[PDB]
Structure formats: structure tokens, C-alpha cells
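Working notes for the structure below.
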Amino acid sequence: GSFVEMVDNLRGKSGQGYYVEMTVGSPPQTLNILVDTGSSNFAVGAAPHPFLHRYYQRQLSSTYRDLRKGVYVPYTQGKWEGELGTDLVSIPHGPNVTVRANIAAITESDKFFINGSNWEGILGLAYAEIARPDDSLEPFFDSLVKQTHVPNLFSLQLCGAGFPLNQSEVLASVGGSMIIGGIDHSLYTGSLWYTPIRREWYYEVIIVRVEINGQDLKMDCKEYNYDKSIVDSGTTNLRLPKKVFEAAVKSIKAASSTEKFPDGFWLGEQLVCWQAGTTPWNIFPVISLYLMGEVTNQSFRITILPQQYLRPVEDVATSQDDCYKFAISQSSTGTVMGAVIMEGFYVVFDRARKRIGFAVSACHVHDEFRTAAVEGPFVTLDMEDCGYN
Ligand SMILES: COc1cccc(CNC[C@@H](O)[C@H](Cc2ccccc2)NC(=O)c2cc(C(=O)N[C@H](C)c3ccccc3)cc(N(C)S(C)(=O)=O)c2)c1
């Protein structure tokens, strides 16, 4: 209920990724670690790199254990290679515990690290099934639960700002919260609705209906989870399977036709700008994703605003202009509910009850006329059929 100690322990409000402070080794070596529910490897920079301000020095840790085994990890975006080992890890603004975890010491990387992001590592919070080299490499959260009395669940509140933040601002501002082992009521309003984790590999879920300003996209629901649907705090966008992406874009285009934007905008490649303060939020439609409920034949829906899917970007010419990039994009590997989705809600990864809860986030961005939402229940049927095999 109240884990005040961990509240506001995240940073990256308008950066490239949300991260938490961690220390590894003995004496403790401080590092900022990206919180990623989309993968399962705990990895940290362990050699100098143009974008790293600091990195893991194994020679200086008295508790480091070298497993003498290499590891390679390719994500949808970026990839890295490293050397496996274990060491003691702590989270300054997390529970007061220390755990020996597997750690991939990154020695080579490609398009992984992000210039100015301020994080030097990644905490894969998903299950062993997708860990590399294979599922025998115990993920961090599993190590944590096994070695301590921290309950088997964590919750995340990722806070977008709605406007660009500069270097000092990102460092001096709260990026959100990761409550390890509990749920804090101060992070959301209204009810928490839970959807089952279909299978424990990624945090896979099942979407049963999609609406653009209340209008049903009306596609075979399997199309929505075609391949799979996952909740991924390590991915910026709301990514949709090709067929779904094209239908959504066509409907978003129609809802906002009073204004015309170049194709590059819809591809997420070129930003769109408006005179300062004149962003026409109201012409853009809200987007609702319906999730299977815990009760049979029951579903609920999460609704986001253009304030979630139009990400703030500082325009080249300092211009007082407010610019944004369209952050809904195409996927060939299933739906990815990234930051575009998570910044609108307080999300609970209840691993113990194999379910994920959603509640309107106390920090989501909006305007006076609309807010993000979580509502239920809805009587929908044969949603078991929505899953892909
Ligand atoms: C087990 O390994 C796999 C293998 C394949 C796919 C997946 C699922 N993907 C989720 C994550 O694991 C990885 C982790 C990661 C990669 C690179 C840098 C930082 C983090 N995420 C991505 O691959 C990944 C990360 C980003 C990205 O910019 N992430 C940054 C750090 C971020 C910015 C803002 C908010 C959250 C995160 C973008 C995309 N694109 C597809 S996009 C433009 O459509 O959003 C993919 C996992």
C-alpha cells in the first residue's frame, strides 16, 4: 500500500528510457539501469563507450564471479555482446536487500546505448524463457524473490512530461516509480483492472478489441495478437502487427483529417510542429485497447490520448514551436505495448497471481477535456480465440 521509500525512484521523464539507480559489486559501483519488462537479461556496460559516462569494473569487485561464458543479445532495436558472471546487487531506493545476480558484462554493442540517455545498463524483468543464452540463466527478479522475502510482483509508473526536457531538467526531475514487492495507491486513481498473463516468457497478454474514438477497428481479434501481444517498458512505441497498424493509421488519419500531415509523419520519421501552445489535441482520437478480464467472458479497456502517442521533441530551430513524433508504428513480431501505453497507466506485474493490472496513472499527461481511462466490465465472448498459436 505505502512503499514511500521507492516512490519517485525513476528518472528519464523525457529521455530515452526510464531508469533506476542500482549498485553492483563490492565496494558498490553505482549505475543507472534501464527498466525493461520486455526482456530478461540483466546487463551493464563493462568497458568504455562513446555514450557511457561510467561502466562496470569487475577487477574492482571482490565479490565478482566469472562464469567464463559469453552471451549475445539482439533486440528489435540494438544488440550487445558480453561476458557472463555474477555479483552482488543492490537498489538504493528499492527494498533494503542484496542479491547475487547473473550479470552480463557488455564488452561490445551496436545501437544499444543511447547518447545522453543517462543509463549504463538494462534490467530485463521478464521471464527466463526468453533470457539468453537460454532459460537456465536465472533473471534478476527471480534471483531476488528466491534470495529474499520481497513479494513476487512489482509495479511501474512511467511519467511522460508532454513537453521536451533538457539535460539538467531530466536529471533534476522525477521520471516515475518502480515499486518492488508492492503497490502504492498514490500512483493511480480509480480502479485497477487485471488481465491474465497468457504465458510466462514475455509479459504476454490478449487484446480482444481496438477502438479509435469509440469506433471498432472490427478485425478478427487474433489479428491484434498476431504472433503475440506484450507489455514492454523497454520499447518507446505502441507497435502493432502490419494489418492492425495499417487499419489504425487509416482510422486515425480520418479522425484528424481537418489537418493534413506528410507521410513521413505517419511513419514516425518526421516531426510535426505547431505554434507554441496551439497543439490541436482535440482533432486527434483517443485509442482504446480491450483486454481479456480475469472473470470468464469479461473484458475491460484501457484508453490513451494523443498526449500519449504524440511524443514531444525539441525542434531543430529553437523556435517556441511545440513539435512531436507519431509514436505508433509497425511490427512483424506482434503487438508491443511500449511506453506510449505505459505512460498513461500505473501497471502492476503481479507475477505471483500471473496477471497484469492497469489503473489510470496519477502522472499521465492530458488536457481539461479528456483523460486516459481504465473501464470495465464488458461482456465479450470467445476471447480465448483471440490468442495466437
Ligand atoms: C529477450 O530479448 C528480446 C528480443 C526481441 C524483442 C524483445 C522485446 N523488446 C523489448 C526490450 O527488450 C528492448 C530493450 C532495449 C533495446 C535497446 C535499447 C534500450 C532497451 N527494446 C527494443 O528493442 C526497442 C527499444 C526502443 C527504444 O528507443 N527504447 C528506449 C530506451 C525507450 C525510450 C522511451 C521509453 C522507454 C524506452 C525502440 C524500439 N522500436 C521498435 S520503436 C521505435 O518502435 O519503439 C525497440 C526482447
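Heads up: the sequence shown is residues 45P, 46P, 47P, 48P, 1 to 385, going by PDB author numbering. We treat Cβ as the ideally placed atom computed from N, Cα and C, and that holds for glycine.
In whole angstroms, what separates the C-alpha of residue i from that of residue j?
i, j, result
"residue 172", "residue 342", "10 Å"
"residue 6", "residue 16", "5 Å"
"residue 106", "residue 237", "25 Å"
"residue 255", "residue 54", "55 Å"
"residue 290", "residue 344", "14 Å"
"residue 148", "residue 158", "32 Å"
"residue 320", "residue 162", "15 Å"
"residue 39", "residue 117", "6 Å"
"residue 239", "residue 306", "21 Å"
"residue 144", "residue 353", "24 Å"
"residue 68", "residue 77", "4 Å"
"residue 128", "residue 314", "43 Å"
"residue 95", "residue 74", "28 Å"
"residue 286", "residue 47", "39 Å"
"residue 111", "residue 358", "29 Å"
"residue 19", "residue 217", "44 Å"
"residue 212", "residue 298", "14 Å"
When burial is assigned at 16 or more other CB atoms within 10 Å of the CB, is residue i buried or exposed?
i, result
"residue 304", "buried"
"residue 200", "buried"
"residue 48P", "exposed"
"residue 151", "buried"
"residue 233", "buried"
"residue 364", "exposed"
"residue 180", "buried"
"residue 104", "exposed"
"residue 189", "buried"
"residue 64", "exposed"
"residue 295", "buried"
"residue 156", "buried"
"residue 191", "buried"
"residue 231", "buried"
Can you find a heavy atom of ligand 1 that lies under 6 Å from the Cβ of residue i?
i, result
"residue 108", "yes"
"residue 228", "yes"
"residue 303", "no"
"residue 73", "yes"
"residue 346", "no"
"residue 259", "no"
"residue 331", "no"
"residue 45P", "no"
"residue 32", "yes"
"residue 233", "yes"
"residue 126", "yes"
"residue 35", "yes"
"residue 13", "yes"
Tell me, please, which residues DSSP counts as bridged to residue i.
i, result
"residue 298", "285 and 370"
"residue 41", "102"
"residue 205", "286"
"residue 83", "97"
"residue 170", "DSSP lists no partner for residue 170."
"residue 154", "172"
"residue 313", "DSSP lists no partner for residue 313."
"residue 355", "342"
Rounded to the nearest angstrom, how far is the Cβ of residue i from that of residue j, given a contact under 8 Å?
i, j, result
"residue 272", "residue 318", "6 Å"
"residue 252", "residue 279", "5 Å"
"residue 139", "residue 97", "5 Å"
"residue 266", "residue 258", "6 Å"
"residue 326", "residue 261", "About 14 Å separates the two Cβ atoms, so there is no contact after all."
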